[PDB]
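Below, each value reflects all heavy atoms present in this structure, side chains not excepted, and no hydrogens, waters or symmetry copies. Residue numbers begin at 1 in each chain, while the letters A, B, ... track the order of the sequences.
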Amino acid sequence: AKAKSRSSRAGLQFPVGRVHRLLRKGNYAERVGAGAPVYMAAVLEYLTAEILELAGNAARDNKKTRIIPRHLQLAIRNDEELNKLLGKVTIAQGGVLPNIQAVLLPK
Amino acid sequence: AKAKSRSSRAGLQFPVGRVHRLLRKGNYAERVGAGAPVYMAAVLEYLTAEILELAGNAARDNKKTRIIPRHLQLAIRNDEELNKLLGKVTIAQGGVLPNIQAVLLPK
Amino acid sequence: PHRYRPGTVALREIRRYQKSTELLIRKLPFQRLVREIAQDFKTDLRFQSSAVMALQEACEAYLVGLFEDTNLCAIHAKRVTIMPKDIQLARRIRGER
Amino acid sequence: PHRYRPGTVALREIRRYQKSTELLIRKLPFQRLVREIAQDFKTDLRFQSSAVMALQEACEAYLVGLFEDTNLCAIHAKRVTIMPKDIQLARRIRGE
Amino acid sequence: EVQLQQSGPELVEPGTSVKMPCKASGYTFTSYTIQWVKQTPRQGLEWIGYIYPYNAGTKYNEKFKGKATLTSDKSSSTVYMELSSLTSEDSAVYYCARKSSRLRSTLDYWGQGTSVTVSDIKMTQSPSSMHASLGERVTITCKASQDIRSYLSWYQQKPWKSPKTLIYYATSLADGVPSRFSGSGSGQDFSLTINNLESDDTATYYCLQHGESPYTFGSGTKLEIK
Amino acid sequence: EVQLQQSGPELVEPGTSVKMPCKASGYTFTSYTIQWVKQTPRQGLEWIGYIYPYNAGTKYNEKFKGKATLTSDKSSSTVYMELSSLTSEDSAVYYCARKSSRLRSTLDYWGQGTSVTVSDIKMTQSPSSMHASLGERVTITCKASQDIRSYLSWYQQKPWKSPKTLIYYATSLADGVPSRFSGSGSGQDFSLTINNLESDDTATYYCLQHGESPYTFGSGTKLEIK
Amino acid sequence: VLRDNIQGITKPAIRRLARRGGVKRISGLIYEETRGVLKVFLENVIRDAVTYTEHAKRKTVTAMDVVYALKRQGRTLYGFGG
Amino acid sequence: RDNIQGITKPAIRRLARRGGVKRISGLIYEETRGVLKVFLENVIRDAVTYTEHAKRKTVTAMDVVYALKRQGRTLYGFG
Amino acid sequence: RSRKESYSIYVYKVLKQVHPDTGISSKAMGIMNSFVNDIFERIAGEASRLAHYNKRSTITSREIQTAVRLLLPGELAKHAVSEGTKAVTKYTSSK
Amino acid sequence: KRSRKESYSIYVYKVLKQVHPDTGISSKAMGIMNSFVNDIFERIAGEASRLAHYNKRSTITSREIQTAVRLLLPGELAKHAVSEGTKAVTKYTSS
DNA sequence: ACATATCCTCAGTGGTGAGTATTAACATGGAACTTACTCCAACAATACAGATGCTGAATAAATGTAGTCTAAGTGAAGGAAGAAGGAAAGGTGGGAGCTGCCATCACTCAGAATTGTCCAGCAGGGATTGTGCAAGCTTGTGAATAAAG
DNA sequence: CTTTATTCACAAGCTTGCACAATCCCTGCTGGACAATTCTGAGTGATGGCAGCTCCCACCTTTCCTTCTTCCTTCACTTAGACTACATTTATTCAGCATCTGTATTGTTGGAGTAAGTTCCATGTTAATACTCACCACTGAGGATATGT
């Protein structure tokens, strides 16, 4: 008897056990194999890492050291893929991307 | 005792038992409350009857005995609530509504 | 005195409100409008503060995105003034009508 | 001889192709297009006839709806001729 | 919430044309048809036609074809009715009524009606006029000439008032109508039952079929209490 | 499938400007950044900048700001580079490289390289050049200056040819690369291991970081067979 | 009993929402149209939220019901639960 | 393999006439071919993914129906 | 072969109930089967989400009624709720 | 005596301190992150449930999750997510 | 071409309190371990339906030419929208109280799963009709061209 | 230059032939109904507490109304070329038939894998806590803008 939770055995930080419990209680299938929460936790951890790193870079080019939802909106809306995933998603207190159409500028 | 069915108990044509089996095995909940398939079958039968009655009326105005998918499309698209229910739905071999914009006509 | 030409202040307002993040509608009139609308569905209802807050961010985001689509419709017609026909066309193409 | 002014046969074609329900693209070029597009994802795969038929119905319905939105954009721009800018505006508002 | 505003009375010279507004509020205007019913004291209520503002779809009665013209304006949420070539038999009350595009739905909310003065299937109602006490049972028959799939409605009209929808789909109660009224029957035989009487129930009761394309009202029963 | 078409060699007198295109085909053009690097005999590969066609977002090296500008044409699926005021030390091979907006991804596909002829994290590679037989094991070290969280890539370049991507994310194999090449290491210490060699491994190997804002290439290790 | 509160969505508020949307010029009939559009959107979302509240046998509309209503209408909102 | 030229000019003309278009510019056809190619790639990629998950080498109508559906473009009449 | 089930006899019984002269084609039957399956999936998924939100492990007719109130538009939802309530009342009142 | 709520705010902070050691986060941004992880979880899990139901299978395996990631996520995002899931499953079935 | 007041917007400091990163208490759900049980890889066979080829008849696309008509550029009036100032007015943050209902806890009870039998409704295959497509003829009707005024 | 009678082509309507698909009938067979039992999950009540009303207030920021200007929108002319329309040539597609074979599908077995039950402990949540970062206040420099030069 011991240690070694399933996240540490898979080298992750997202909980494999909680994801397995949510997959079991979420009424998705009759059975859940014990590789599906590992894959699922890895995918969620990768997506969280990508969004958090892009938002940290957006905060870093803002002379700031704390991520606000504006930085998350700037991270998501500046990417083709990410915007596509979260294209029908509203972020609270995120604002919009700063853009003006070129015909509105004076000349 | 002669094994009468649940649809005849509820006075329906759509199957209560098959809807109960699809609700049970369709991974929707842990339990199904046994009045839910009666309600579901009644709602499905009402929607089928409304669509079929409007399609038969369209076929009669088109002087046709049989219903083709054009009659179903003409029944669905001419009703606001039915078109709201099936806005993101393509009906095969249904065509479109006859609609020319008013500017495109001569004079 | 000193006056700015039209479109100069209107461009600095675009540059100001696109970099800011907070809500653009006042909180209390929107809360009163939400309660007025909800009283037609169920009497004596009582919202939470976060429910009205979420409703305000949702409505403001929807209105802002419709205003970008309206601006694109206005620019397509070789104009810079948005008109109700642009709102109707954007809502028609979006599927809201 | 006899010759219809422009826009008359066009309106006749609009009425005729809005009255009918048959598919407007020939089946063999669409089948070849579907097979070549699927070649980039799979090297050697077969297709059901129903699969190509469903693909054709969906593609023709999508193109007819996009042409409806394109015509609306052209009329909003005070024109009766559709341009590629109308297609681009309609696909931008639709989110495509 | 739902109301149908109509104009005042019209004193029209014959041979002209008259416009009728049906300004609507309280509901999504495009999702409900607007029907038009004419009411004379000699022919009773007659269904004229309907307009669907979703596609501006018209349908008229055969005896009102050409004589009546229905139009819709979605900007002001208004329904207009045109009568041209006014014959001397046009002195009647014109009601516009809301009705959903669903087949089960009926003419639920009615307008006040404009009184204009010029200067199929037949419903048989067995009692023309009957007398009832303060606590009696009232049964009204609406025998139909043809077959309808339970598409019959029961309406109550006070003198100098708009009709009030009591029963839709031949058994279901309308919104706000008490459970004293009870509809029954199907096919060709229908009945309306008033359980216990009040002083409010002094009214004329009609039955309308909408199972076929020309909608037909009944002759009507006059019910007066004490 | 993915092609990065470019132009030929441009002989240019000093003082004027020069244009280089990067016509791209085989992929969704707006979803991938186009990055430009230059190569000289004197100092090897160095990263100039990139342009994201999704929002036309540029980012340049600090030593190439003003010297190089980047534009994109979405209709022709092309990326244009302007170099202005060509000095004497500007005769170089200019490469454009596809790279996804994902931070893990690298310069996977490269252009042919336009030869222009005119009339910070330090990368330390310990072996400058080495010789090997037809079957032994080669190890190349790429100790870096600062900390990069596994954002290192290994490239193989034939003489007079575009560099070929071998390793991305310091351990993962590129598309089509066999399992003979193996990347290892993390943090500051990285290494590339060739298991058994062929006659096609006679090439120059580079390591590139993209953890920081200015991307820096390696010094380059020449590998010659027998 | 509240009445006529759509006028509380003032013309400067609609102008600010247009400025965030990138609009340079605004016609005078834009504001009534925007009030009608915002009203229709609000009744749709509030009707779904009140349905979600009445299913839970609650008299209090929560933020989670608003989030489910927005998710139902394809307008998923982040940062308010769920 | 080309085969985008098999979607000919009068086929796009017929699809525009069904959409109510009276006058068509000459540059419409290439834009429509590109749009149809993008839509077909997006549907066919998901259909082939559904086919490969089932360990099949044949794309069925069910896979196309599921692929269409996932894009919010539900198609009736094919099962 | 393998006995695949559908709604064809049920839709045909409904059609002969509401139109006892009017036939139907095979393609229109396929459209009707797709419609019934799609609406079944929508109502069942909404009822599943409604049960999951309120920490309930069963789907009752209240969840189905609320789901019908959510997906279906106004008078459509009202008449479907009336039909479902009538059927559940008839089923309870008769075993 | 009121029950406890659970979220991803502890693991998301761990991933943040991996990818950015000297960078904090606000509570609103953590709420956005929790909503994002929940939304992507429901999307992938529902997609995989549909994949298992289409193939008449009764279990969700890592193959279903891989196919759901391929269908849901766009190109290079799906490629790197498949890479991460494969590496984690390979690492998990070795100890 | 230049010169110059003038509102507006970043670029730095300092204070500070709002929020947020850090540390115990505990409780609860995940891990270890074992047992049952069942579901789906793994072969094996077998029709079957999709790919490929051929061929002739429809039949739609390509091309060239004429002629219309429509998109686009230019010009001008005018009126509608923006900018700014001054006065009103209502949002906002704070500070109380009141109380209604929301979540928690315990009880228990009717209802829903479970399992075994069996039977009858439903899907597949095969005769059986029937009604809508096809071909041919007639006819109203809009469109466009010549003709008298 | 203005309505208006031939001319012309096109789609709608009417009338049989028929043949392919729809309706219906026969047969296994499998999924649904009957019935007794258990195992719950969810409905009645009671409770505490918290959070959502309602009210008062000071302030000061936001909004509304007026006036002037300007510049953008809309209407009218013109025109050149990019369209539509049609005849003719051509090339491609449709449909029927045949052959071949990879493949989808079904059947059987059993072994790996996964659900289920106990326990216990280590992790995750909440309460309390001491700072860190961002915002406001305040100058100070730097570009932008309208303007007389």
Side-chain angles (χ1 to χ4, degrees), chain A residues 1-6 15-18 20-21 31-34 64-66, chain B residues 1 3-6 15 17-18 20-21 24 30-34 64-66 106, chain C residues 1-10 12 26-29 46-49 79-81, chain D residues 1-10 12 15-16 26-29 46-49 78-81, chain G residues 10-12 25-28 58-60, chain H residues 6 8-11 23-26 56-58, chain I residues 2-6 8-9 12 23-26 56-58, chain J residues 3-7 10 13 24-27 57-59:
Chain A
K2 179 62 173 171
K4 302 278 334 173
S5 64
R6 271 194 288 182
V16 178
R18 155 174 311 193
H20 197 297
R21 181 204 93 226
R31 302 159 88 84
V32 171
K64 307 262 174 313
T65 310
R66 191 184 283 168
Chain B
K4 77 167 324 203
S5 64
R6 284 198 275 177
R18 177 183 296 186
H20 198 302
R21 185 244 300 157
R24 271 197 339 256
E30 193 224 320
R31 303 145 91 79
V32 175
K64 298 241 162 302
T65 286
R66 203 170 287 148
Chain C
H2 169 273
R3 273 192 48 117
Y4 274 117
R5 291 291 77 92
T8 283
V9 179
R12 100 155 58 100
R26 290 312 109 196
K27 311 287 201 23
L28 191 59
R46 286 153 41 128
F47 299 69
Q48 313 182 328
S49 67
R79 281 187 278 108
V80 296
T81 291
Chain D
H2 181 271
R3 185 182 295 276
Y4 287 107
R5 281 143 43 117
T8 294
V9 192
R12 233 158 60 204
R15 261 167 238 131
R16 157 190 321 135
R26 305 263 84 186
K27 304 183 168 0
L28 214 59
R46 318 152 81 78
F47 267 91
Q48 274 193 357
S49 36
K78 263 129 168 46
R79 285 186 272 99
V80 305
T81 316
Chain G
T10 63
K11 147 183 207 153
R25 291 177 64 84
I26 302 154
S27 149
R58 280 187 277 102
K59 297 166 179 229
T60 282
Chain H
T8 60
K9 258 182 40 65
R23 223 160 162 274
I24 318 188
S25 150
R56 271 188 284 105
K57 288 133 218 93
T58 302
Chain I
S2 167
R3 294 183 181 277
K4 31 206 168 50
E5 52 188 35
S6 68
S8 311
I9 56 170
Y12 204 77
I24 202 166
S25 67
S26 178
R56 294 250 177 279
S57 78
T58 188
Chain J
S3 92
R4 67 182 214 172
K5 205 37 158 47
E6 67 164 38
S7 48
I10 186 167
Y13 195 81
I25 185 161
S26 73
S27 67
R57 273 181 59 123
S58 90
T59 167

* To do: Rounded off to whole Å, could you give me the CD1-to-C1' distance for the J:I25 and K:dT22 pair?
  => 17 Å
* Is the shortest side-chain N/O distance from D:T81 to OP1 or OP2 of K:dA71 below 4.0 Å? -> yes
* Structure fact -> Among L:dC72, L:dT114, L:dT103, the one nearest any side-chain atom of D:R46 is L:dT103
* Which part of the nucleic acid, if any, lies within reach of I:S8 when heavy atoms closer than 4.0 Å are counted: base, sugar-phosphate only, or nothing? -> nothing
* Asked: P atom, K:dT55 versus K:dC133: distance in rounded Å?
  -> 35 Å
* To do: Write down the distance between CG (C:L28) and P (L:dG52), rounded to a whole number of angstrom.
  => 16 Å
* Asked: How would you label the contact of D:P29 with the nucleic acid (heavy atoms, under 4.0 Å): base, sugar-phosphate, or nothing?
  -> sugar-phosphate
* Structure fact -> Looking only at K:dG124, K:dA113, L:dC53, the nucleotide nearest the B:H20 side chain is K:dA113
* Just compare K:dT104, L:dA22, K:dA81 and give me whichever is closest to any side-chain atom of G:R25. => K:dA81
* Looking at the side chain of B:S5, which of K:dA83, L:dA33, K:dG29 is the nearest nucleotide? -> L:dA33
* Are any of the side-chain heavy atoms of I:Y12 and I:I24 separated by less than 4.5 Å? -> yes
* Asked: Between K:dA72, L:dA104, K:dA51, which one does the side chain of H:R56 approach most closely?
  -> L:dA104
* Tell which nucleotide pairs with L:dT54, taking only Watson-Crick or G-U wobble pairs whose two distances are both under 3.5 angstrom. => K:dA96
* **Nearest-Å distance once atom P is located in both L:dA87 and K:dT145** => 14 Å
* Taking atom P in both K:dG126 and L:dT103, what distance in whole Å separates the two? -> 29 Å
* Asked: In the structure shown, which nucleotide is the Watson-Crick or G-U wobble counterpart of K:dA135, with both distances under 3.5 Å?
  -> L:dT15
* Asked: Relative to the 5' end of DNA chain K, which residue comes earlier, C:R12 or C:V9, by the nucleotide with the nearest heavy atom?
  -> C:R12
* Select base, sugar-phosphate, or nothing to describe what A:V16 touches, counting heavy atoms under 4.0 Å on all strands. => nothing
* Structure fact -> d(C:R79 CZ, G:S27 OG) to nearest 0.5 Å is 9.0 Å
* Asked: Taking for each residue the nucleotide of DNA chain K with the nearest heavy atom, is it D:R26 or G:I26 whose nucleotide lies nearer the 5' end?
  -> D:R26
* K:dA83 to L:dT145 separation - P atoms, rounded to the nearest Å -> 13 Å
* Quick one: is K:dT63 close enough that its OP1 or OP2 comes under 4.0 Å of any side-chain N or O from H:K9? -> no
* To do: Take the protein atom NZ of D:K27 and the nucleotide atom P of L:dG96, then report the distance between them rounded to whole Å.
  => 14 Å
* Asked: With rounding to whole Å, what would you report as the distance between L:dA21 and L:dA95 at their P atoms?
  -> 12 Å
* **Quiz item: C:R3 side-chain donor-acceptor pair to K:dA83 base, under 3.5 Å** => yes
* Between K:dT145, K:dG50, L:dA134, which nucleotide has the shortest distance from any of its atoms to the side chain of D:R5? -> K:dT145
* To do: Among the candidates L:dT126, L:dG32, K:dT131, find the nucleotide nearest to the side-chain atoms of B:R18.
  => L:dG32
* Out of K:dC40, K:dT68, K:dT70, which nucleotide sits closest to the side chain of D:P6? -> K:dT68
* For side-chain contact (heavy atoms from CB on, under 4.5 Å), just list the numbers for C:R46 and G:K59, CA-CA rounded to whole Å, side-chain angles, deciding distance to a tenth of an Å, and then say yes or no. => CA-CA 6 Å; C:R46 286 153 41 128; G:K59 297 166 179 229; 5.8 Å; no
* Pair assignment for K:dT6, Watson-Crick or G-U wobble, requiring both distances under 3.5 Å -> L:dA144
* What nucleotide, of L:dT63, K:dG50, L:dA22, holds the atom closest to the side chain of G:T10? -> L:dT63
* To do: Give the nucleotide from the list L:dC64, K:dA32, L:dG52 with an atom nearest to the side chain of G:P12.
  => L:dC64
* Asked: According to the Watson-Crick and G-U wobble definitions, with both distances under 3.5 Å, which nucleotide is paired to L:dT126?
  -> K:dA24
* To do: Write down the distance separating the P atoms in K:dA49 and K:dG125, rounded off to the nearest Å.
  => 11 Å
* Using a cut-off of strictly less than 4.0 Å, decide whether C:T8 has a side-chain nitrogen or oxygen near OP1 or OP2 of L:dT145. => no
* What does H:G26 touch in the nucleic acid at a heavy-atom separation under 4.0 angstrom: a base, only the sugar-phosphate, or nothing? -> sugar-phosphate
* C1' atoms of L:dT7 and L:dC83, separation to the nearest Å -> 28 Å
* In Watson-Crick or G-U wobble terms, both distances under 3.5 Å, what is the partner of K:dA144? -> none
* Within the structure, does a side-chain N or O atom of J:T59 lie under 4.0 Å from either OP1 or OP2 of K:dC39? -> no
* Is there a Watson-Crick or G-U wobble partner for K:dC102 with both distances under 3.5 Å, and which nucleotide is it? -> none
* Spacing between I:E5 atom CD and L:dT30 atom P, to the nearest angstrom -> 13 Å
* Please check the phosphate of K:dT104 (OP1 and OP2 only) for any side-chain N or O of J:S3 closer than 4.0 Å. => yes
* To do: Using a cut-off of 3.5 Å for both contacts, decide if K:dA88 and L:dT62 are a Watson-Crick or G-U pair.
  => yes
* To do: Can you tell me the distance, in whole Å, between the NZ atom of H:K57 and the P atom of K:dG50?
  => 15 Å
* Asked: At under 4.0 Å, does any side-chain N or O of H:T58 touch on OP1 or OP2 of L:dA104?
  -> yes
* **Length of the line joining I:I9:CD1 and L:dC25:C1', which is rounded to integer Å** => 14 Å
* State the pairing partner of K:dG15; accept Watson-Crick or G-U wobble contacts with both distances under 3.5 Å, and report none otherwise. => L:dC135
* **Nucleotide L:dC68, atom P - distance to NE2 of C:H2 in whole Å** => 20 Å
* Report yes or no: is there a donor-acceptor pair, N or O only, under 3.5 Å between the side chain of C:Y4 and the base of K:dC7? => yes
* Asked: Between I:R56 and B:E30, is there a side-chain N and carboxylate O pair less than 4.0 Å apart?
  -> no
* For nucleotides K:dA80 and K:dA1, find the distance between their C1' atoms and express it as a whole number of Å. => 36 Å
* Asked: What does K:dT46 pair with, Watson-Crick or G-U, if both distances are under 3.5 Å?
  -> L:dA104
* Within the structure shown, what part of the strands sits under 4.0 Å from D:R16 by heavy-atom distance: base, sugar-phosphate, or nothing? -> sugar-phosphate
* Between the side chains of B:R31 and I:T58, does any donor sit under 3.5 Å from an acceptor? -> no
* Asked: Can you check the C:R79 CZ to L:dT74 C1' distance for me, whole Å?
  -> 11 Å
